[PDB]
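Take a look at the structure set out below.
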Protein chains: 2
Amino acid sequence: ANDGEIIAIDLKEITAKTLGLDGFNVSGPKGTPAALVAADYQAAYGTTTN
Amino acid sequence: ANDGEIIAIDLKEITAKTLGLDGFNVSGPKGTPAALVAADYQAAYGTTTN
């Protein structure tokens, strides 16, 4: 009933990338890979990345 | 029954101004805002933002 009587709640954040499971697989790739276009950089580091 | 024999009453103004409640407001920003820097751009759009 007065000022500053707070109790905090922590609420961390959970995704596939945060736990370290991004790009996780077995069996290896399906063929001989090829080069990188700028689209996948956006998929990785954000749409406005550099 | 003779002059000079009196009892004084006292009265006070009461408004939203004198009690100190002028411009009371519970929504809207907190504090007087200031300018922006790089860290907040980074938080809002990613670490490598343009």
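Identifiers in this document derive from the order of the structure tokens: chains are assigned A, B, ..., residues are numbered from 1 separately in each chain, and ligands are numbered from 1 in order of occurrence.
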- request: Mind running a least-squares superposition of chain B onto chain A over all the C-alpha atoms, in order, and reading off the RMSD?
  value: 17.0 Å
At a cut-off of 12 Å, can you tabulate as a Markdown table every residue of chain A near chain B together with its closest atom pair and the distance in Å to one decimal, using only C-alpha atoms and ordering rows by chain then number?
```
| residue | atom | partner | partner_atom | distance |
| --- | --- | --- | --- | --- |
| A:41 | CA | B:48 | CA | 11.1 |
| A:42 | CA | B:48 | CA | 10.7 |
| A:44 | CA | B:46 | CA | 10.9 |
| A:45 | CA | B:48 | CA | 7.3 |
| A:46 | CA | B:46 | CA | 6.5 |
| A:47 | CA | B:45 | CA | 8.5 |
| A:48 | CA | B:49 | CA | 5.5 |
| A:49 | CA | B:49 | CA | 5.0 |
| A:50 | CA | B:48 | CA | 6.2 |
```
Output of the above residues as a short mmCIF file (atom, residue, chain, number, x, y, z; two decimals), in the first residue's frame, restricted to N, CA, C and O atoms:
```cif
data_model
loop_
_atom_site.label_atom_id
_atom_site.label_comp_id
_atom_site.auth_asym_id
_atom_site.auth_seq_id
_atom_site.Cartn_x
_atom_site.Cartn_y
_atom_site.Cartn_z
N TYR A 41 22.36 -14.77 -45.70
CA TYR A 41 22.86 -13.89 -44.66
C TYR A 41 21.71 -13.22 -43.92
O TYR A 41 21.75 -13.08 -42.69
N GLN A 42 20.68 -12.82 -44.65
CA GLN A 42 19.49 -12.27 -44.01
C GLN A 42 18.81 -13.31 -43.14
O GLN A 42 18.36 -13.00 -42.03
N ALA A 44 20.18 -15.59 -41.58
CA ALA A 44 21.02 -15.90 -40.43
C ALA A 44 21.05 -14.75 -39.43
O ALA A 44 20.72 -14.94 -38.25
N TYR A 45 21.43 -13.55 -39.87
CA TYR A 45 21.74 -12.46 -38.96
C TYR A 45 20.74 -11.30 -39.02
O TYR A 45 21.05 -10.22 -38.52
N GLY A 46 19.58 -11.50 -39.60
CA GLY A 46 18.58 -10.45 -39.62
C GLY A 46 18.46 -9.79 -40.98
O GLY A 46 19.40 -9.75 -41.78
N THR A 47 17.27 -9.23 -41.23
CA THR A 47 16.96 -8.72 -42.56
C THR A 47 17.73 -7.45 -42.89
O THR A 47 17.88 -7.10 -44.06
N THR A 48 18.21 -6.74 -41.87
CA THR A 48 18.96 -5.52 -42.07
C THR A 48 20.44 -5.70 -41.81
O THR A 48 21.14 -4.72 -41.54
N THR A 49 20.93 -6.93 -41.87
CA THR A 49 22.32 -7.18 -41.52
C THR A 49 23.25 -6.61 -42.57
O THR A 49 22.82 -6.24 -43.67
N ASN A 50 24.53 -6.55 -42.24
CA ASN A 50 25.54 -6.06 -43.16
C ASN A 50 26.64 -7.08 -43.44
O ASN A 50 27.57 -6.77 -44.18
#
```
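As for atom CA of residue A:3 and atom CA of residue B:26, they are spaced 14.4 Å apart.
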message: Among chain B, which residues does DSSP mark as helix (DSSP H, G or I) when it is run on the backbone? Keep the chain and numbering as in the structure and answer as a count of residues only.
response: 8
task: Report the distance between atom CA of residue A:4 and atom CA of residue B:27 in Å, rounded to one decimal place.
output: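 The value is 18.0 Å.
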